[PDB]
Amino acid sequence: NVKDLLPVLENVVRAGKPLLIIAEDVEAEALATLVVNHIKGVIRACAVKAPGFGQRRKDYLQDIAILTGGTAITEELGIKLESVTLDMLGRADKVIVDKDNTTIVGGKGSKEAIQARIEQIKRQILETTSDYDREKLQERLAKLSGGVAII
Amino acid sequence: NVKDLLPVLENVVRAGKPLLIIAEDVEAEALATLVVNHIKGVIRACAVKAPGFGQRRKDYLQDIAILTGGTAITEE
Amino acid sequence: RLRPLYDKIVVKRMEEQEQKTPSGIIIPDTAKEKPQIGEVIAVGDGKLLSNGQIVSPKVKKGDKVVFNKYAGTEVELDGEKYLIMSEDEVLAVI
Amino acid sequence: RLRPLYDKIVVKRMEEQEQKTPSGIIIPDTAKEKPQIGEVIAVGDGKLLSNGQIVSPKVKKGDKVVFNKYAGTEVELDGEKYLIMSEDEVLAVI
Amino acid sequence: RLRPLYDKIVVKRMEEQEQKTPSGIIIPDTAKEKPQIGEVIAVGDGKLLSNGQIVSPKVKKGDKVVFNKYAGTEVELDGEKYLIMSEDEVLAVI
Amino acid sequence: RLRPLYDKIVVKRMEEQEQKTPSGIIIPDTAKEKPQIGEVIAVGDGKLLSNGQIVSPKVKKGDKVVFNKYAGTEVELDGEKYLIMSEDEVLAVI
Amino acid sequence: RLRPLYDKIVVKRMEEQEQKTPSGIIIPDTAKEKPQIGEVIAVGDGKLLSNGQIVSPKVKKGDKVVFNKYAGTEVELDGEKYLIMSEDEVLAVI
Amino acid sequence: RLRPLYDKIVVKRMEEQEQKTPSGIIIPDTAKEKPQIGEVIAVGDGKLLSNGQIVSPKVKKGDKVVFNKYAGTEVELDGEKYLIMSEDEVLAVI
Amino acid sequence: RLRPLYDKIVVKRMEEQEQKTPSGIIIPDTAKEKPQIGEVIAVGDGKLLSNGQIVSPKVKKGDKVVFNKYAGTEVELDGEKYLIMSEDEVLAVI
């Protein structure tokens with residue numbers, strides 16, 4: 001819907017900074033707002049699909065909210081999308097968006113967090129050996145702590 | 001719903017002690033109340049699913065109820 | 001051209017514009033509601049009471065009324081569209 | 001021929017004369033609505049109030065009256081077609 | 001014989017009379033709707049006003065009256081049939 | 001025995017008569033409807049107007065009143081049954 | 001104890017009385033309806049006319065009245081139950 | 001504090017009690033409807049008549065009234081719930 | 001800015017107060033309800049009676065008015081939100 005998309009736009013036009021949207025989807029009525037606004041140059045923004053399904057959804061965006069310095073607006077937290085503001089709107093330095101891929105460089109924040117995640121995820125990695133059969137859990141550690149190389 | 005969770009929340013905030021919920025399932029408007037209250041630190045609480053299935057629920061909570069010294073809130 | 005009878009009022013519905021917020025945000029036409037603001041082009045003789053008395057309408061030629069989101073008949077007149085509407089469904093003025 | 005009673009009015013719609021857009025665009029008859037503008041054949045004595053008083057009809061014989069898309073029963077007489085009406089469902093005149 | 005009460009009227013419809021167009025085209029009885037034209041048989045005292053006064057009905061006797069289709073109960077009586085009818089749904093006369 | 005209030009009327013139907021056409025055709029009871037013609041046992045004081053005035057009912061003891069299909073409430077009185085009905089739903093008399 | 005307001009009346013039912021036909025046939029409780037006969041415990045002030053006048057209720061404490069089918073609101077008082085019942089929905093008295 | 005307008009009434013219900021029948025049987029709270037007995041705390045100025053006159057409400061402060069099983073708006077006032085209610089839907093008093 | 005007509009009122013609701021219980025429990029906005037408390041901005045002339053008399057509204061623009069759950073219709077005025085409503089659907093004041 002258009003209505004809830006105004007408060008986020010209202011905040012970003014005030015600061016004059018680009019916006020990146022991560023959500024389950026942005027349908028035509030909402031999407032038409034940004035793209036029309038994007039051509040006129042009042043904002044420079046892009047919208048992307050959420051990374052994964054189910055529990056894989058929750059894990060991914062929680063990590064994303066961590067290195068960006070903001071927070072994830074979840075159903076549990078209960079913040080209505082109308083009432084969101086700049087305070088918990090996360091930040092980054094550079095983002096690259098292409099037809100099927102998005103990359104976030106990182107805000108260099110949450111040092112105590114990223115050291116923490118290294119701990120339980122490895123503590124979870126050893127415990128998940130009974131069930132896991134994909135590097136997605138190690139890659140989850142790798143993405144926020146190092147990088148990945150594809151030979 | 002909040003209309004029932006709040007009165008029980010009203011009693012525990014007066015006592016100022018931590019609270020534990022065992023219920024069939026809490027995933028909705030009621031659930032968001034505790035976690036937003038827990039984040040603000042007004043109470044320290046958690047909610048858990050009840051064990052078993054069918055008949056295997058009530059016997060378990062009855063064993064838990066007598067161990068804890070309270071009483072199980074049954075529909076009976 | 002049209003003269004309303006009794007309590008009827010004929011209104012022009014503020015025409016169409018592209019709406020922009022004071023912050024400069026433009027809303028696409030697919031997400032805009034038809035304006036509720038209108039200007040009266042003519043007024044009727046007045047509401048006819050149960051006793052036969054007629055009360056003069058308070059709306060005038062140069063005012064700005066607001067509709068209750070649905071009122072009107074959307075008449076056509078040589079390509080021009082007017083909104084015949086009634087006093088009891090007028091929300092407010094200016 | 002026929003005459004109405006009390007607040008009833010006898011109106012004939014403007015019927016179809018192969019209407020066209022003023023710029024020259026022709027619209028097929030399969031995509032047009034029956035005209036909502038018509039002229040009155042006869043008028044009744046007037047609205048009968050609850051106290052018995054009769055108010056003379058505002059509409060006259062030579063007036064052109066528009067109606068709200070569902071004007072009347074559309075009765076037939078001697079092979080000609082009349083659309084009876086009443087002032088409460090009258091929207092505006094000329 | 002049959003006496004209407006207050007504003008009720010006693011009307012006899014025209015009944016099928018081998019309907020056919022003036023051009024000579026015969027329409028089968030399975031494709032014709034019951035006539036809307038009725039003949040006044042008996043007239044009641046009149047409508048009861050809210051104050052208690054009585055208004056004389058404006059139909060007198062034997063005048064042809066047109067009705068909006070489902071405007072009577074089709075009262076059952078020996079021989080010739082009738083449908084009782086009120087004044088406020090009377091369409092037009094003569 | 002029973003007496004009504006205001007505009008209510010106690011009416012007794014024509015009861016079973018084994019309906020037969022004048023030509024001698026006998027209709028089975030499974031294909032006939034309860035008679036709409038009845039007789040009045042007693043009448044109330046009359047209609048209560050909005051101003052408090054009372055108008056005498058226009059129906060007598062010996063009148064034969066015909067009503068619509070569902071104008072009653074089917075009261076029971078120590079074995080016999082009567083049709084409680086109001087003045088506005090009795091369509092005509094005799 | 002309980003006193004109604006304006007035209008309201010408070011009435012008790014006739015209570016389950018071991019219903020049986022005069023011929024001696026007993027109907028089981030699973031196939032009988034609550035009695036429509038009741039008597040008045042208290043009477044209100046009466047109807048509020050449009051001009052403010054108060055018509056004296058025509059029902060009396062000692063008589064018995066009949067409800068249409070579902071009249072009443074089933075009020076209860078220290079284990080005893082009454083149906084508070086409106087004057088204009090009374091079928092008849094005695 | 002809170003005061004009504006015209007015919008509105010503010011009523012406080014009978015609240016929750018450990019209900020028991022006179023025989024001593026306790027009904028669980030899951031099998032009871034909210035109490036229908038209330039006490040009047042605030043009284044409005046009175047019903048607006050058609051002619052404009054004002055009639056003093058018959059209910060008084062501290063009286064006990066019964067609601068029509070659903071009346072009220074369940075409004076909250078200063079950490080407490082009140083039941084704003086209207087005269088035409090008050091059942092009976094004391 | 002804007003002014004109402006007849007019985008219409010202009011009310012500003014009590015906005016997003018971030019509801020919290022007196023005990024200190026914070027309810028998330030996803031679990032709250034739109035406040036029923038509103039501040040009056042403009043008051044119309046008053047209710048227009050059937051005889052043409054105008055009664056001064058009892059609201060005085062300087063009081064707290066509580067509506068029903070879905071009373072009034074939203075109107076937008078140069079960026080802010082206002083809820084206009086009639087005088088007979090607000091249930092209590094102050």
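Residues numbered from 1 in each chain as written, not as in the entry; some residues may be left out. Chains lettered and ligands numbered in written order. Part of a larger assembly, values for the part shown. Heavy atoms only, no water.

The name given to chain C in the PDB entry is Co-chaperonin GroES, with Hydrogenobacter thermophilus TK-6 as the source organism. The title attached to this entry in the PDB is "Cryo-EM structure of H. thermophilus GroEL-GroES bullet complex".

The name the PDB entry assigns to chain B is Chaperonin GroEL, from the organism Hydrogenobacter thermophilus TK-6.

### Comments concerning the pattern of salt bridges
For the coordinates displayed, the defined rule picks out 50 salt bridges over all chains. Between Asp93 of chain A and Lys108 of chain A there is a salt bridge, with its nearest N and O atoms 2.8 Å apart. Pair noted here: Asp93 of chain A is in the loop between α3 (55–67) and β3 (95–97) and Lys108 of chain A is in the loop between β4 (102–104) and α4 (111–128), with a separation of 15 residues, a long-range link. Overall, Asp93 of chain A belongs to the partly exposed group, its relative accessible area being 40%. Put simply, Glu74 of chain I and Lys81 of chain I hold a salt bridge, and the shortest N to O gap is 2.9 Å. Overall, the relative accessible area of 49% leaves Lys81 of chain I in the partly exposed class. (Salt bridge = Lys/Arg side-chain N within 4 Å of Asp/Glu carboxyl O. Helix = DSSP H or I, 4+ residues; strand = E, 2+ residues; numbered from the N terminus. Buried < 20%, exposed > 50% of the residue type's maximum accessible area, 1.4 Å probe, protein only.)

### What about the packing of α4 of chain A against helix α5 (residues 136–145) of chain A?
Residues and elements named next belong to chain A. In the contact formed by α4 and α5, the axes pass within 10 Å of each other and the chain directions differ by 165°. Of the possible angle classes, the one that applies to α4 and α5 is roughly antiparallel. Seen from above, α4 lies across α5 with left-handed handedness. Along the contact surface, α4 presents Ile114, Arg117, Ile118, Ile121, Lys122, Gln124, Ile125 and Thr128, while α5 presents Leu137, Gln138, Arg140, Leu141, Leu144 and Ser145. Of the residues belonging to the contact of α4 with α5, the class tally is seven nonpolar, four polar and three charged. (Axes fitted to C-alpha atoms, helices over the stretch in contact; angles between N-to-C directions. Parallel < 35°, antiparallel > 145°, perpendicular 65-115°, else oblique. Left-handed = near helix turned anticlockwise from the far one by under 90°. Contact = heavy atoms within 4.5 Å. Nonpolar A, V, L, I, M, F, W, Y, C, P; charged D, E, K, R; others polar.)

### Focus on the relation of the copies chain E and chain F
By a simple turn and slide, chain E fits onto chain F: the slide is 0.1 Å along the axis, the RMSD is 0.7 Å, and the turn is 52°. Different-surface contact between copies: only 13% of interface residues of chain E are shared with the interface of chain F. (Least-squares fit on C-alpha atoms.)

### Observations regarding the sheet that holds strand β1 (residues 3–4) of chain D
Spatial ordering of the open sheet is given by β1(D)-β8(E)-β6(E)-β3(E)-β2(E)-β7(E), a layout of six strands whose pairing is antiparallel. The sheet is open, and its two edges are formed by β1 of chain D together with β7 (83–86) of chain E, each paired on a single side. As defined by bridge partners, strand β2 (residues 8–13) of chain E adjoins β7 of chain E across four bridges and the pair is classed as antiparallel. By the bridge assignment, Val10 of chain E is partnered in β7 of chain E with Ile84 of chain E. (Pairing = 2+ DSSP bridges.)

### Quick look at the interface of chain I and chain B
Accessible area lost when the parts come together is the quantity often used to give the size of an interface. The interface is formed by nine residues belonging to chain I together with 12 residues belonging to chain B. Contact between chain I and chain B buries roughly 770 Å² in total, counting both sides, with carbon and sulfur atoms accounting for 73%. Of all residues in chain I, the largest losses of buried area upon contact with chain B belong to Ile25, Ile26 and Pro28 of chain I, amounting jointly to 57% of the total for that side. Across the chain I-chain B interface, the total number found is zero salt bridges. Considering only residue class, the side of chain I that touches chain B consists of five nonpolar, four polar and no charged. (Buried area = accessible area lost by both parts, 1.4 Å probe.)

### Section: the side chain of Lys32 of chain D
Residue and element names in this part refer to chain D. The residue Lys32 is located in the loop between β2 (8–13) and β3 (37–43) in this model. There is a polar contact of 2.6 Å between the side chain of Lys32 and the side chain of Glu16. At a separation of 3.2 Å, a polar atom in the side chain of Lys32 contacts the main-chain carbonyl oxygen of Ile27. Each residue touching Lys32, except ones within four places of it in the same chain, is listed here: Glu16, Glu18, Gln19 and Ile27. (Polar contact = N/O pair within 3.5 Å; in protein donor to acceptor, adjacent residues only side chain to side chain.)

### A word on the side chain of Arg13 of chain G
All names here are of chain G. Secondary-structure assignment places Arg13 in the loop between β2 (8–12) and β3 (37–43). A polar contact of 2.7 Å, which involves the side chain of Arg13, links it to the backbone oxygen of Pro35. Each residue touching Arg13, except ones within four places of it in the same chain, is listed here: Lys34, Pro35, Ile37, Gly38, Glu39, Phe67, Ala71 and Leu83.

### As for the arrangement of the chains
Between chain D and chain G there is no contact, and the shortest C-alpha to C-alpha distance separating them is 15 Å. At the C-alpha level, the nearest point of chain F lies 12 Å from chain H, with no contact between them.

### Quick look at the packing of α3 of chain A against α5 of chain A
Residues and elements named next belong to chain A. Put simply, α3 and α5 touch, their axes get as near as 11 Å, and they point 15° apart. Between α3 and α5, the angle is such that the two are roughly parallel. Judged by the twist between their axes, the crossing of α3 over α5 is right-handed. Touching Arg56, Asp59, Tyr60 and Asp63 of α3 are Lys136, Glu139, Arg140, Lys143 and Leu144, all from α5. In the contact of α3 with α5, the residues fall into two nonpolar, no polar and seven charged.

### What to know about the pairing of strand β1 (residues 19–23) of chain B
All names here are of chain B. Judged from the five bridges that link them, β1 and strand β2 (residues 45–49) form a sheet pairing that is parallel. Opposite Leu20, over in β2, you have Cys46 as the bridge partner. Between β1 and its parallel partner β2, the chain crosses via helix α2 (residues 29–40), and the hand of that crossover is right-handed. (Right-handed = clockwise from strand over helix to strand, strands pointing away.)

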